[PDB]
Each structure stands twice: as C-alpha cells, then as structure tokens.
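To start, the structure itself, in structure tokens.
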Amino acid sequence: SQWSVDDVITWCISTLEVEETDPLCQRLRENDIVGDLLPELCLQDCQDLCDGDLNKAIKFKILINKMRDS
C-alpha cells in the first residue's frame, strides 16, 4: 500500500467521517501507524487506536479489510 501518513489520515477522515483531531487519528499518528501497516493492526490495536471506542474500532477494522481487499 505504502501511503504517506497524511494520506492515511485522509482515508480515515473520508471513511469514518471524523476529523484529524479525532481520537482515532491522534492515536494512529502517535503510535506512528501508516496505512500500509493498517491491515496488520488487529481489533485490539484498533481499540487502542480509537482510544477505547469499540464502535469506532469495529467500523475502522471493517473498513481496513475493504481498504485492502477491495
């Protein structure tokens, strides 16, 4: 995939309809996770990534599988 972090943020915005200031984005950038890495992140990574928002985490994970496969 090899996306730049900015593009990864862009994906999250476009897909979750969240802001860059959203906790998902904060944790994602903080943990220094990149889009290419995204398929590798598990639901628990995602739970950390959303800062404990399960709804966020589940939706984001599903989007990642779509992001990769489709």
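Mapped onto UniProt numbering, the consecutive letters of the sequence shown carry residue numbers 33 to 102.
C-beta atoms are modelled at their ideal positions from N, C-alpha and C, and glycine is treated no differently.
Limits of the alpha helix (DSSP H) - the one that residue i falls within
i     : result
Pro71 : Neither: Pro71 is in no alpha helix (DSSP H) and is coded neither H nor E.
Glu62 : 55-62
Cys82 : Per DSSP, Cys82 belongs to no alpha helix (DSSP H) and is neither H nor E.
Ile41 : 37-48
C-alpha distance - residue i paired with residue j, whole-angstrom precision
i     : j     : result
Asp39 : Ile45 : 10 Å
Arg61 : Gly67 : 11 Å
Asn97 : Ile90 : 11 Å
Of the listed residues the options, nearest to residue i (C-alpha basis)
i     : options                    : result
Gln58 : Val66, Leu81, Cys74, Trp43 : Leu81
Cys74 : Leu95, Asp54, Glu49, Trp43 : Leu95
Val50 : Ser33, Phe92, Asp68, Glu62 : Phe92
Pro55 : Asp68, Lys98, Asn87, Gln34 : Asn87
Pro71 : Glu62, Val37, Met99        : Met99
Whole-angstrom C-beta distance between residue j and residue i, which should lie under 8 Å
i     : j     : result
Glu52 : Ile41 : 6 Å
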